[PDB]
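Chain and residue survey
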Amino acid sequence: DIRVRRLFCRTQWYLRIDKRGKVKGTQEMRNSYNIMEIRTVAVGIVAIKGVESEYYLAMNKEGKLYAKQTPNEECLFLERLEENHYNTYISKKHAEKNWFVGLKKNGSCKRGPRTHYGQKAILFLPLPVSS
């Protein structure tokens, strides 16, 4: 239920959250702020937490992505497995209006409203943080 992976994005970026709690991608594998804890809070729901910044991952009322430290329902995400074996994450608060978590080609966080299914920006491959 608690998995520490990296979350590699199809757009060639790992999701990383700063100490200032700034959400953003990186081509720096060995970045330590890109090691995340995907905690299953319920069937289908997940929380995404930085194992270094101790911050979460959330999305506001206008699709903007951020990271708290003290959870709320904006820190919860509908986690999905695809037929291809990548994963998708829809905001729980704004599900059914379909705002996916995404990282642009430039590494920027996609806005919940700008995201759409079939985008490469919203596709993640959670890699293990072990050895």
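The residue numbers shown here are sequential, starting from 1 for each chain in the order of its written sequence. They can differ from the numbering used in the entry, and residues that have no coordinates are not displayed. In computing side-chain properties, one takes all heavy atoms of the structure into account and sets aside hydrogens as well as water.

This deposited entry lists X-ray crystallography as its structure determination method and 2.3 Å as its resolution.

By the naming in the PDB entry, the protein is Fibroblast growth factor 7, Fibroblast growth factor 1 chimera, taken from Rattus norvegicus. Per the PDB record, the entry is named "THE CRYSTAL STRUCTURE OF FIBROBLAST GROWTH FACTOR 7/1 CHIMERA".

Moving on: the side chain of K49. Structurally, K49 is set in strand β6 (residues 45-50). Working definition: with a 1.4 Å probe on protein chains only, accessible area under 20% of the residue-type maximum means buried, over 50% means exposed, and in between means partly exposed. Note on charges: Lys and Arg go in the positive column, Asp and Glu in the negative column, and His and the chain ends are not counted at all. Salt bridge, as applied in this entry: a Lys or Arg side-chain nitrogen positioned within 4 Å of an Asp or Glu carboxyl oxygen. Comment: no salt bridge for buried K49; closest opposite-charge side chain is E54, at 4.0 Å. Contact between two residues is taken to exist if any of their heavy atoms lie within 4.5 Å; hydrogens are not considered. Excluding anything up to four places from it in sequence, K49 contacts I35, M36, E37, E54, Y55 and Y56. Strands are runs of DSSP state E lasting at least 2 residues, helices are runs of H or I lasting at least 4, and numbering of each runs from the N terminus.

The next subject is the environment of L15. Its place among the elements puts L15 in strand β3 (residues 13-17). As for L15 and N34, which are separated by 19 residues in sequence, their C-alpha atoms are 5.8 Å apart. Setting aside its immediate chain neighbours within four residues, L15 contacts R6, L7, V23, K24, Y33, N34, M36, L57 and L103.

Unlike most non-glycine residues, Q12 shows phi in positive territory, near 75°. Topologically, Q12 is positioned in the loop between β2 (8-9) and β3. Located in the positive-phi region is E96, a residue other than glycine, with phi close to 70°. As for its position among the elements, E96 is in the loop between β10 (87-91) and β11 (124-125). Judged by relative accessible area, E96 falls into the exposed class, the value being 73%.

On to a positive patch on the surface, then. A cluster of like positive charges, contributed by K22, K24, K64 and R111, occupies part of the molecular surface. With respect to the helices and strands, the residue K24 is situated in strand β4 (residues 23-26). For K24, a relative accessible area of 33% translates into the label partly exposed. Residues form patches when they are more than 30% accessible in relative terms and have no salt bridge. Like charges link within 9 Å. Nonpolar side chains (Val, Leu, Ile, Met, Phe, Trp, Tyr) link within 5 Å. Note on areas: Shrake-Rupley, 1.4 Å probe, and residue coverage restricted to the protein chains presented here. Taken as the charge location is NZ of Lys, CZ of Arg, CG of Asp or CD of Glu.

Attention now goes to the packing of aromatic side chains. What counts as a ring pair is set by centres within 6.5 Å for rings of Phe, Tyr and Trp (its six-membered ring), and what kind of pair is set by the plane angle: stacked under 30 degrees, edge-to-face over 60, tilted for all other angles. Within this structure, the stated rule accounts for three aromatic pairs. Between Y89 and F124 the ring centres are 5.8 Å apart and the planes differ by 50°, which places this aromatic pair in the tilted class. Of this pair, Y89 sits in strand β10 while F124 sits in strand β11, and the two are 35 residues apart along the sequence. Residue classification places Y89 among the buried residues on the basis of a relative accessible area of 1%. A residue is classified by how much of its surface remains accessible, and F124, at 1% relative accessible area, is buried. Between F100 and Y117, the aromatic rings sit 6.1 Å apart at their centres with planes inclined by 35°, giving tilted as the arrangement. Note that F100 is positioned in the loop between β10 and β11 and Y117 in the loop between β10 and β11, a separation of 17 residues in sequence.

The subject of this paragraph is the nonpolar core. Side-chain atoms within 4.5 Å are what join buried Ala, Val, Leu, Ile, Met, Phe, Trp, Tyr and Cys residues into a set we call a nonpolar core. Among the nonpolar cores identified, the biggest contains 22 residues, and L7, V23, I48, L57 and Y89 are the most heavily contacted of them. If you tally residues by element for this core, the top one is β3, at three residues. With near-sequence residues (within four places) excluded, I48 lies in contact with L7, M36, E37, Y55, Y56, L57, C75, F77 and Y89.

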